[PDB]
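Report on one structure; see the data block that follows.
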Amino acid sequence: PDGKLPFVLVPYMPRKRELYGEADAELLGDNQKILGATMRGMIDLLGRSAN
Amino acid sequence: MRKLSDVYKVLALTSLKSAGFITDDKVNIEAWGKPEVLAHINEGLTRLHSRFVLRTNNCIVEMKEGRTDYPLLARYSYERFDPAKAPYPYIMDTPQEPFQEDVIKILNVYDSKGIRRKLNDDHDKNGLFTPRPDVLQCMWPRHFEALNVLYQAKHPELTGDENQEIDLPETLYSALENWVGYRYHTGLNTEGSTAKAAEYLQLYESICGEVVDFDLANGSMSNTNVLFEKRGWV
Numbered sequence: 356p357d358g359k360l361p362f363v364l365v366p367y368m369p370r371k372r373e374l375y376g377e378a379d380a381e382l383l384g385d386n387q388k389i390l391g392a393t394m395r396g397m398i399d400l401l402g403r404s405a406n
Numbered sequence: 001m002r003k004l005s006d007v008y009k010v011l012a013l014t015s016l017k018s019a020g021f022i023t024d025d026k027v028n029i030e031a032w033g034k035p036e037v038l039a040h041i042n043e044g045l046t047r048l049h050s051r052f053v054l055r056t057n058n059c060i061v062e063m064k065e066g067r068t069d070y071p072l073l074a075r076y077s078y079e080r081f082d083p084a085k086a087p088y089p090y091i092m093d094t095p096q097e098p099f100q101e102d103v104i105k106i107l108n109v110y111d112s113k114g115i116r117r118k119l120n121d122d123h124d125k126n127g128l129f130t131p132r133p134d135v136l137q138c139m140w141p142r143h144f145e146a147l148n149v150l151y152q153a154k155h156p157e158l159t160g161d162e163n164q165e166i167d168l169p170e171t172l173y174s175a176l177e178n179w180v181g182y183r184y185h186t187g188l189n190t191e192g193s194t195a196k197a198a199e200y201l202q203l204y205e206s207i208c209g210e211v212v213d214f215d216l217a218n219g220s221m222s223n224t225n226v227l228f229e230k231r232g233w234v
């Protein structure tokens, strides 16, 4: 009855004047990279040693 | 790029000036001590070409099936094949630049496909061990292969011809003379000559230290840190 497309779209973080939305991992980019590259460095320091 | 004839003259005026075999014109060396001096220049260049990386050369080594140990001698080359001591030739050299048996240390070997193979890696299939400095032990001679072996090199042996040209940096000629003087003056076993040999030998280190304290022999190395991007680290 509504005479419209039977789809409902909701954004997570809206993009200004844009139908689709921007997710969470867009701002979280390179933070995971740095944190992983430091944790891997710490694990490298511990494991590549002589205990 | 001086000549051995010129090296004889320059040696006769600076280092071997009080030597007996200096001819009456003072600008040459008599024909009885020339084997001695030539045997000192050859050792002199070998030492200088050992400390500094002065001559980096690569000679490709084709794979022959059934052979894993690949000595990098001149008897196995193509232009200098010696059928009496080599079953088949597997090194590759052009007539203008034949193999001169001048390998001091092997540094980095690539393949016919472009894959770098590690050296002396116990846990590393695709690794070419060297059981002795002038050899090579490839454990899998695959079909259609070859090995561009980048190695430290010494000056080609000076046979004695006075027209053979010497590859030494101009700044290091004051150290070759101070090593010929050391070798010559130390064999006379006289107190006066021995004390001069020490001075000439110590000056060899002093000049070989000033050459490395000013990067005149290309010893300092800088490379792009390609490891950074591979380990992650966005």
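Residue numbers (the UniProt record's numbering), protein chains in the order written: chain A, 356 to 406; chain B, 1 to 234.
For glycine and all other residues, C-beta sits at the position ideal for the given N, C-alpha and C.
Extent of the continuous alpha helix (DSSP H) to which residue i belongs
i                      : result
residue 42 of chain B  : 34-51
residue 176 of chain B : 173-185
residue 238 of chain B : Because chain B spans 1 through 234 in this model, residue 238 of chain B falls outside it and cannot be assessed.
residue 5 of chain B   : 4-14
residue 388 of chain A : 386-402
residue 228 of chain B : 227-230
Among the options, the one whose alpha carbon lies nearest that of residue i
i                      : options                       : result
residue 134 of chain B : B/72, B/121, B/76 and B/186   : B/72
residue 109 of chain B : B/151, B/226 and B/8          : B/151
residue 88 of chain B  : B/189, B/70 and B/102         : B/70
residue 27 of chain B  : B/118, B/40, B/9 and B/56     : B/9
residue 380 of chain A : A/360, A/368, A/398 and A/361 : A/368
residue 111 of chain B : B/103, B/127, B/122 and B/120 : B/127
residue 210 of chain B : B/132, B/52 and B/6           : B/52
residue 231 of chain B : A/394, A/404 and A/401        : A/394
residue 17 of chain B  : B/193, B/207, B/225 and B/204 : B/193
residue 7 of chain B   : B/19, B/29, B/21 and B/106    : B/29
residue 158 of chain B : B/117, B/39 and B/25          : B/39
residue 212 of chain B : B/3, B/22 and B/54            : B/54
residue 236 of chain B : B/113, B/138, B/115 and B/107 : It is not possible to answer for residue 236 of chain B, since the shown part of chain B is limited to 1 through 234.
residue 59 of chain B  : B/20, B/222, B/105 and B/21   : B/105
residue 143 of chain B : B/66, B/223, B/24 and B/5     : B/66
residue 68 of chain B  : B/146, B/223 and B/187        : B/146
residue 228 of chain B : A/357, A/370, A/396 and A/356 : A/396
residue 197 of chain B : B/204, B/205 and B/186        : B/186
Residue i: first and last residue of the uninterrupted beta strand (DSSP E) it sits in
i                      : result
residue 153 of chain B : 148-153
residue 107 of chain B : 103-109
residue 56 of chain B  : 56-60
Environment of residue i [buried if 16+ CB atoms lie within 10 Å]
i                      : result
residue 184 of chain B : buried
residue 102 of chain B : buried
residue 61 of chain B  : buried
residue 37 of chain B  : buried
residue 284 of chain B : Given a span of 1 to 234 for chain B in the structure shown, any question on residue 284 of chain B remains unanswerable.
residue 12 of chain B  : buried
residue 363 of chain A : exposed
residue 365 of chain A : exposed
residue 153 of chain B : buried
residue 77 of chain B  : buried
residue 63 of chain B  : buried
residue 175 of chain B : buried
residue 91 of chain B  : buried
residue 172 of chain B : buried
residue 234 of chain B : exposed
residue 460 of chain A : Since the first residue of chain A shown is 356 and the last is 406, residue 460 of chain A is not available in this structure.
residue 226 of chain B : exposed
residue 383 of chain A : exposed
Interface residues of chain E facing residue i [CB-CB closer than 9 Å]
i                      : result
residue 380 of chain A : The structure shown contains no chain E; the protein chains it does contain are A and B.
The ligand ATP heavy atom lying under 6 Å from the CB of residue i
i                      : result
residue 178 of chain B : What this structure holds is no ligand at all, so the ligand ATP is not there to describe.
### Query
Using 8 Å as the threshold, is the stretch 89-99 of chain B in touch with the stretch 33-46 of chain B, meaning 3 or more CB pairs across them?
With a cut-off of 8 Å, the stretch 33-46 of chain B and the stretch 89-99 of chain B do not count as touching, because too few Cβ pairs lie within range.
### Task
Answer yes if the stretch 75-84 of chain B comes into contact with the stretch 179-198 of chain B, meaning at least three C-beta pairs across the two stretches below 8 Å, and no otherwise.
These segments do not touch.
### Task
Examine the Cβ distances between the stretch 165-172 of chain B and the stretch 38-54 of chain B and report whether three or more of them are shorter than 8 Å.
Yes: the two stretches touch, three or more of their Cβ pairs being nearer than 8 Å.
### Message
Does the contact criterion of 3 or more C-beta pairs under 8 Å hold for the stretch 370-389 of chain A versus the stretch 130-146 of chain B?
### Response
No, the stretch 370-389 of chain A is not in contact with the stretch 130-146 of chain B.
### Task
May I have a chain-ordered list of the beta strand (DSSP E) segments no shorter than 3 residues that lie completely inside the stretch 73-138 of chain B?
Fully enclosed beta strand (DSSP E) runs of 3 or longer: 103-109.
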